[PDB]
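Heads up, what comes next is one protein chain in two forms, each shown on its own as structure tokens, labelled structure 1 and structure 2.
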Structure 1
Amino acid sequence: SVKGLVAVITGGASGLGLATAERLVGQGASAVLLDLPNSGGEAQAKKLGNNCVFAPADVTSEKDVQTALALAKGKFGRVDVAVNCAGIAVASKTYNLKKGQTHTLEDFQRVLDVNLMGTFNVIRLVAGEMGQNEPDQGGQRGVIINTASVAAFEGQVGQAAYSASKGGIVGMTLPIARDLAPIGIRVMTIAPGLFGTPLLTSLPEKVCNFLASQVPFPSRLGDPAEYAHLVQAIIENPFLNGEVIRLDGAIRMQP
């Protein structure tokens, strides 16, 4: 089981991170929802219960993440799991000849800063925090799970920056897994497909229905509870390391 574990969930105030926090807290673990101050995460943390605490921090800022980890240590005394679910998406074609429009560098830089650079910042700071944990019977000190996208493998038109960030996460998953092997920290990556989160539910019902039809089976948008269950399974299994799991429902994104 996961009773007694302490998990730091980035972007845990909404979507996949929130579902993971709910599942883990229901199991019995303790959760630290690390999110932006203007995210409404305080209400969620209050709703979950005493085992859950909200940390206002920006993953792109070293000081903010350090303060969040210090708060987590003070509240619970240790960190056992870290789920990197914070990220943003921007849709923009690389270059549209008809409109004579070019992808702005600012959008690409922002997407890289949030999705990729922030994830690495959290990974390194959490590894530093978890290095203090006493190894368990199996020698494991903690687990780090990252969220990627199938865009890392099959990206669509206008997903240049998003696909770049997710592919960077996928590439860095294994080198870090080798880096932290002597420490005893497992690194895994989940590549969700399409999920019914605010990032997608905001879209008109027509495109949502079309996307639900696209998935081979089940012909529906992914349920965040499924992502939380996969995260829990990764946490429980002591042998999954340095691998990307496509939680996509067999969908291969068309151009």
Structure 2
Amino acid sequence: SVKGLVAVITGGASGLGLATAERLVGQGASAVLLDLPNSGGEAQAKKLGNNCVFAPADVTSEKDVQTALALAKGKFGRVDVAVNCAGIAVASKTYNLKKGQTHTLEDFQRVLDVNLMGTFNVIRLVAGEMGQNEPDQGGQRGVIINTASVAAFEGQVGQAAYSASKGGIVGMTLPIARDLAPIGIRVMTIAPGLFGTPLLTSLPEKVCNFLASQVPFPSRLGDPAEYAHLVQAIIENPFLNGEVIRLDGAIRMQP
């Protein structure tokens, strides 16, 4: 079981992060929803009971993440699991000859800052936090998990910045896994496909329905509960490390 583990979940106020927080709290763990101030995470943290404590923070900001980690340590006294589920998406073509439109550098920079730079910042600070943990029987001090879309492997049109950030996460998953091996922290990456969440819902609904129909099997948008279950499986398994798991549903993003 996962009873007694303390989880810090970035972007836990919605979507996959909220699903993971729900599952882990229901299993008896203790979560810390690390999300933006005006994100509504306070309502979710209150809903989930004592085991949750909303920690208003911005992953791209070092000070905010340090404050959130301090709050989590004060409340629960330790940190054992970290889940980087915070991120954004942008839809903009690199260049559009017909419209004479070029991708803005600002959007690319912001997407890198949130998806990639923020994930690395959280990873390093959380590793520092978990270093104090006493090794368990197997020597595992803690676990870190990162979400990185399948766009890192087979991206689509207008997905340059996303795909870049997610590919960065995928690339850095291994060297970090080696860096933290002596410490005793297992780093893993889940590469979800398409899921029913606000991020996807922001896009047109008809194309979302078509993409949902395009998954070989199951032919429905992945439920976030499946992502939470996979995260729990990764936490439980004491041998998974330095790997990218495609929770895709067998879908290969068409051109």
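Residue numbering: structure 1 sequence, from 1. The term rigid core refers to the most C-alpha atoms you can superpose between the two forms while keeping them within 1.5 Å.
No residue in 203, 70, 43, 225 other than 203 shows a CA shift of 2 angstroms or more between structures 1 and 2 after fitting the rigid core. If you overlay the core, the Cα of residue 212 moves by 1.4 Å between structures 1 and 2. Relative to the superposed rigid core, residue 111 shifts its CA by 0.2 Å between structures 1 and 2.
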